[PDB]
Structure formats: structure tokens, C-alpha cells
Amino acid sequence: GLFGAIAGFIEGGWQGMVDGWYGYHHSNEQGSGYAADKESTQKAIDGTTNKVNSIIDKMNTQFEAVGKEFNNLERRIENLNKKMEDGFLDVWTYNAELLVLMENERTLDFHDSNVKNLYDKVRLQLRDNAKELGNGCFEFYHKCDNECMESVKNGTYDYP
């Protein structure tokens, strides 16, 4: 992906994490488990929701065809009328399709960027207290438990 995380340095997704889009998976003495990060996930949800709404709202002034009739000696204006209505239908169809195509791409990179930044945030936390396995995981040097784990997610983690 543009930010190299999703399907990148973090090879796959977690079917076991149904709590959100991005999260963690710890492993210690007490046990292991998945826990979605509610902050970033919700921040992404708001962003995508606003995007969908913006796209729609921007497509509220599109052209609207109107029925008109012409006699046998008005073929020129009938065709002008037809070319014009088809003309605008083709323009807005182009606008609708291209906007979706471009934004779909940005939406995928957006998610990719969110994962990458969540990872980097954690990396900065576990300054020298953890080992970067380079697969999206961090292996602590000296054991770390559920209270310790919750500390990282708590964003409160810090020797201080």
C-alpha cells in the first residue's frame, strides 16, 4: 500500500479482531488476545462517513433531462436537444465514476496510513523496552503482563 503497512510489513489481517479496524494482539504469562483501538478506529469511521456524505452532497446539482417533442421538420433542433441531454448525462456519469475511483484509492491509503501511524506511535512508546520484530510486533525484553499491556493501549505507558 502507499504507506507499506496493510498487506505490507504487516502481512495479513486479523479475523479474530471484530472490535474494530485497527488494534492489538498481546501475548504474555496470563494469556493473549485481540483488542481493537477505539480511538483511531472511530477517527477513521468519522472520516469515511464525512467522505461518503461529501461525495453524495456534491452530486446534488447534476443535470436533469426534460421531455420535449419535435416534428418531422425540426430534426436539427431535436438532435441538438438529444446531443445536449446525452452530453450532460455522460459528463455527470463520468464525474460520479471518476470521483468514486479516485476516492476509493484514497480510502485504502487512508486506512493504510492509520495502521502505519498507530504502529509508529507504539514504537515510540516502547522506546528501548521492547524489540522490533519487523512484522508489526514488539517483543519485550523483561516480561510484561496484562496491567503492563493495558498500559501501552492506555497510551499511558511510560517509565514515569
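One rule holds for the numbers: they count along the sequence shown, beginning at 1.
**Student:** Which is higher in the entry, the mean Cα B factor of 27 to 35 or that of 90 to 98?
**Tutor:** Looking at the record's C-alpha B-factors, the answer is 27 to 35.
**Student:** If you take the mean CA temperature factor per stretch, which one wins between 63 to 71 and 115 to 123?
**Tutor:** The stretch with the larger average C-alpha B-factor is 115 to 123.
**Student:** Per the coordinate record, which of the options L108, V52, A130, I45 holds the highest CA temperature factor?
**Tutor:** It is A130.
**Student:** Take the CA temperature factors straight from the PDB entry and tell me which of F138, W14, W21, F9 peaks.
**Tutor:** Going by the entry's C-alpha B-factors, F138 comes out highest.
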